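Some notes on the structure that comes next.
So that the names make sense, note that chain A is the first sequence line, chain B the second, and so on, each numbered from 1.
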Amino acid sequence: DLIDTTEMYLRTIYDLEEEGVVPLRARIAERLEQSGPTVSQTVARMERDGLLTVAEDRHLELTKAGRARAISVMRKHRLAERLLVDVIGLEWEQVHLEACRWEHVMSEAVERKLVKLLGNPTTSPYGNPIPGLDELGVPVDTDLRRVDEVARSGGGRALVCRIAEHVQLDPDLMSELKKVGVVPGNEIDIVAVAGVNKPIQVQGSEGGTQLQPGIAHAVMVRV
Amino acid sequence: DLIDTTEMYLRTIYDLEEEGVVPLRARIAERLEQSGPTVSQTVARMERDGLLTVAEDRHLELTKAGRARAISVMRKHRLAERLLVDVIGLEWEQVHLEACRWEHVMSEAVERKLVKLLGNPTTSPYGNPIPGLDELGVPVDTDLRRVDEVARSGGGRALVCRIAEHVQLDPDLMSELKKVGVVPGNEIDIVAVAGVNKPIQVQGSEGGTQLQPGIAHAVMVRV
Amino acid sequence: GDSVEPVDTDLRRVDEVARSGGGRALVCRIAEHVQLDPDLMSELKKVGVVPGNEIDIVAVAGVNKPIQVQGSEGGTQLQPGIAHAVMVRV
Amino acid sequence: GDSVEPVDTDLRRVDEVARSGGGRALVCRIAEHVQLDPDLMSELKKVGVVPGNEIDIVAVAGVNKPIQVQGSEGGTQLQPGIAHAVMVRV
Amino acid sequence: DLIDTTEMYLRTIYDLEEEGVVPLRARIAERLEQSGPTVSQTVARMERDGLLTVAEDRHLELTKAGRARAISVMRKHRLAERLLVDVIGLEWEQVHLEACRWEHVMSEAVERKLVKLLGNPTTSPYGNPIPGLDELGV
Amino acid sequence: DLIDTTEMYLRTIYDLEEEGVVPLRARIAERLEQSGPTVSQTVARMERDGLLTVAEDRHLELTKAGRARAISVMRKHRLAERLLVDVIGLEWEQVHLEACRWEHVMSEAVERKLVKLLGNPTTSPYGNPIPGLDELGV
DNA sequence: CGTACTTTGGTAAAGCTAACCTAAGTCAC
DNA sequence: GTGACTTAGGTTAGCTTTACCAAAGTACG
Ligand SMILES: [Co+2]
Ligand SMILES: [Co+2]
Ligand SMILES: [Co+2]
Ligand SMILES: [Co+2]
Ligand SMILES: [Co+2]
Ligand SMILES: [Co+2]
Ligand SMILES: [Co+2]
Ligand SMILES: [Co+2]
């Protein structure tokens, strides 16, 4: 199902850092759809093997070996997504799900060949930076703001830059986003909301759609 | 199901000692009908709490605290079996199954009252010595031989003395033994067999029946 | 359901009898909630608040006030929750 | 299935061709078992035992004897289990 | 501690009905000495398995299956108490605490032997009627 | 290590059939480097799930369902080998080892894309026919 | 004597539900 | 301002199957 539990626990912790969410075990349970007790027993197993530590506030920190392995998996994931879009031509909504499995079986040898083939790519098809390209042997994004925060600050027009791994997990949503035109490199009109946990309305080039608070929080734009 | 897992592990180790079987985790698995991994994880939990230790040959030794607790449960069991037979009048074949649960909820206070009520009993209705009577506040058995070994040594007539807890778990078998007359304080004729893993034939006062090698090993007689 | 709806409709709770102006009553039922406190049950037996014995319920005024009772061999103070859980025939 | 029961019935195993009295043959299939040893595969590519290349199979006598093959750019010794796993057209 | 959580929640709701108290989750928390979240979670598990329902006014109602099981536990409880007083001679004040555990391991087979032994008892030693004697067939 | 135990037993039996070797549990032990007891236990599990049967002469026969799954694994393997050689340019001797893992995570969706991309390949880079192309619908 | 498989008793990893907890927040009256 | 319940994130105990191991024994040719 996960193919590799450890790598997916490491990559879920990485995803949560990228999305500016506090990596609790409760996050890993929700996202990988596993029981609390399973997450604790697996995180305990990974703590023993020195891939992470559990702090006093019970948030998960990656060790030097952990962060290295997390980046390695995430690099394979986004080079996989690039290969499937640029060369193979797998449909936009199906790519992440495929890459979710591929990231666990790709050699560093193949990654090197893919960097050459894909012309030294720096971002996934979903606009996410590809890390760990230094390890293989091969931009100021502090101006980016989350669609939820933009909406809560009065909304306005914005350029779509990143869709998080979280959002990519739903093929039917990604198909909706593509048809209305909420994809990297397209403009959107974010409608203003006052309430937290309220669905944000967005208008694309070919219509508009509703984003849930956790989805909108995981879509980054430039206004 | 077991009501108390720890107490049943302790009592299973005690049963195996009484039957002269090496107490391995594999014995607990097949007897309490649990998986190998369950037994190891639970025996690990009881080792941590100092109720037993796993030797080099991987046989289970009860600690002083474990042996005390084991005896306490086995005392409650056999006093319960006495009460259900002598006073309540529950059918011979149903008594062990009832006692299997009662042994986990009975207080020492009730045991003391049962000792007075039952007239300081020293044996269960299945002829098994009642231990730990010293702890509450209250015979040479070296001449006994196992029905399997009696048959393998040439057979002959013998007096039924004990039926182990192992055998009592099968109500239909206990109903058969009772009707045939293979019960404590009854004579039987044990027919001769040559090889191990062979079913032993036995003749009672009201017919005869077949005993499996593990059943025959658990029935002790005086020739 | 004799347990929840008694067939003897003239069964009353000690607290209700106390608040309505006391009276002499036969003790009938002690609920499971009362039995949970061994020290109290010892005290109820000593003074004679037990099924089959007559008791005197002292008249009380207000809620949350302890109900005084007299048994054959002494008196005792019942908490409202306890008094409620004891049923009598007047 | 062309995989297990080839449509081209003139496909033969290098070890069977060797024991039959050698011969010049076109290399067609290298089984997955052979591919599992990277060092051997490098040696097969170097000497030219690869699909589409002709090779000379040297005649052998007896079982469990290595099969000598000559490629376009050198020769190499195949173990019986390897030679068995390589299929050729004579 | 409780021996069987489900049986102790059922019988606790049965107790509150006997005492004419409104059976809320708050009452179970108090009497079984468990936190509010624990009681909510367990009641939900028992609702899921169709042993009770939570009304609009939030009082717990036993279902047909829930009431049947509650009656079975209480019947074992009050028969155990009669055995413990009339036959075994355990002290009057300690007998309930024993029956609190025995009520979970007693078979209907033993219940029917205890009915014969105690001479068809209709009440506990504390005067509480023994329910569900019809269901034993005695 | 194997990524998927079941798929590597199926394909290993399939390999032995291509090589005209009798597929015994002994052959799987040798080739997957696992103990005899391990292979017997896993084969027994795969027999229980109806992927194969153990004949009287003790050779492993794939079932209809087992052959269908073996063909699926092998088809993904040989399409991956083609992508790795023809498109990605991974070294000829390293490609099987990579395809050994890729064959377990490739969707039929990607298989159909690779068939278009590679121009309807019928053989692997090592000349082995690609089975079950019918089953993709290509 | 060698080959193939079985019996026996383990192991670690990766999942589960039931049943308990605290801290902080909501919600109706 | 309580009394009742919920939200959020844990915990231990006690189960499971899968998938690996080695030592020793069996079945057979
Ligand atoms: Co992705
Ligand atoms: Co993944
Ligand atoms: Co017994
Ligand atoms: Co027991
Ligand atoms: Co009681
Ligand atoms: Co209880
Ligand atoms: Co290959
Ligand atoms: Co593989």
Side-chain angles (χ1 to χ4, degrees), chain A residues 1-2 4-6 9 22 24-30 32-46 48-49 54 57-59, chain B residues 1-2 4-6 9 22 24-30 32-46 48-49 54 57-59, chain E residues 1-2 4-6 8-9 22 24-27 29-30 32-46 48-49 54 57-59, chain F residues 1-2 4-6 8-9 22 24-27 29-30 32-46 48-49 54 57-59:
Chain A
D1 201 337
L2 296 179
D4 196 305
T5 296
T6 301
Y9 272 52
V22 177
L24 297 181
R25 283 167 291 183
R27 300 290 78 74
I28 299 181
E30 283 180 350
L32 302 190
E33 291 178 28
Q34 293 194 336
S35 69
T38 295
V39 173
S40 294
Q41 195 184 235
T42 289
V43 164
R45 200 178 311 116
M46 292 169 75
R48 179 200 70 192
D49 292 355
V54 183
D57 64 334
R58 303 180 300 179
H59 93 257
Chain B
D1 201 338
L2 300 186
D4 199 308
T5 297
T6 294
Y9 274 49
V22 179
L24 298 177
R25 283 166 293 182
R27 299 289 77 73
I28 298 179
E30 70 186 24
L32 300 190
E33 295 201 298
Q34 299 191 341
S35 60
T38 304
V39 171
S40 291
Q41 196 194 24
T42 292
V43 163
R45 196 180 314 114
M46 290 165 72
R48 179 198 71 195
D49 295 349
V54 184
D57 62 328
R58 303 182 299 184
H59 97 263
Chain E
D1 196 326
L2 292 180
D4 186 331
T5 290
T6 294
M8 283 315 301
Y9 272 54
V22 179
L24 296 176
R25 276 161 289 191
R27 297 293 82 72
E30 288 166 355
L32 297 186
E33 293 190 311
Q34 299 189 341
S35 60
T38 306
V39 168
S40 277
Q41 185 175 56
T42 290
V43 163
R45 184 184 321 119
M46 291 173 72
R48 185 200 71 195
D49 296 336
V54 184
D57 52 344
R58 298 173 295 171
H59 90 260
Chain F
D1 196 322
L2 289 180
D4 187 306
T5 298
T6 298
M8 283 310 299
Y9 274 52
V22 178
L24 298 174
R25 278 159 284 185
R27 297 293 82 73
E30 287 171 347
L32 298 185
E33 300 190 317
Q34 297 185 345
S35 63
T38 302
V39 169
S40 280
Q41 180 171 68
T42 288
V43 163
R45 188 184 318 118
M46 291 170 73
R48 186 200 70 197
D49 297 323
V54 183
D57 57 330
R58 298 174 297 170
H59 92 265

Specify the separation, in whole Å, of atom CG of F/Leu2 and atom P of G/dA12. 20 Å
Check this one for me: any side-chain N or O of B/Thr38 less than 4.0 Å away from OP1 or OP2 of H/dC15? no
Heavy-atom nearest nucleotide on DNA chain H for A/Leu24 versus F/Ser35: which residue maps closer to 5'? A/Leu24
Measuring to OP1 and OP2 of H/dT12, would you say a side-chain N or O of B/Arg48 lies under 4.0 angstrom away? no
Pairwise 5' ranking along DNA chain G for B/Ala26 and E/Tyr9, keeping only the more 5' one: B/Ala26
A/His59 NE2 - H/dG10 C1' separation (whole Å): 16 Å
Check the distance between H/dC15's P and B/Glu33's CD and give it to me in whole angstrom. 13 Å
Under 4.0 Å: is that the gap between some side-chain N or O of A/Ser40 and OP1 or OP2 of H/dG10? no
Over how many whole Å does the gap from B/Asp57 atom CG to G/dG9 atom P extend? 12 Å
Within a strict 4.5 Å, meaning less than it, do heavy atoms of the E/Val54 and E/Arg25 side chains meet? yes
Can you tell me if the side-chain N/O atoms of E/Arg58 get under 4.0 Å from OP1 or OP2 in G/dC27? no
OP1 or OP2 of H/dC15 under 4.0 Å from side-chain N/O of B/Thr5: yes
Rounded to whole Å, please give me the gap between CD in E/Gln34 and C1' in H/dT12. 15 Å
Please walk me through it: do A/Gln34 and A/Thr42 pass side-chain contact (heavy atoms from CB on, under 4.5 Å)? CA-CA 11 Å; A/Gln34 293 194 336; A/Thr42 289; 5.5 Å; no
Are more than 12 heavy atoms from other residues, nucleotides or ligands located less than 6.0 Å from atom CG of E/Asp1? no
Could you check how far CG of A/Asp1 sits from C1' of G/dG15, rounded to whole Å? 11 Å
Separation of G/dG15 P from A/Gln41 CD (nearest whole Å): 10 Å
A/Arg27 side chain N/O closer than 4.0 Å to the phosphate oxygens (OP1, OP2) of H/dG9? yes
Find which nucleotide of DNA chain G each of A/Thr42 and E/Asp4 is nearest to by heavy atoms, and output the residue with the more 5' nucleotide. A/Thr42
Please confirm whether the shortest side-chain N or O distance from F/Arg45 to OP1 or OP2 of H/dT17 is below 4.0 Å. no
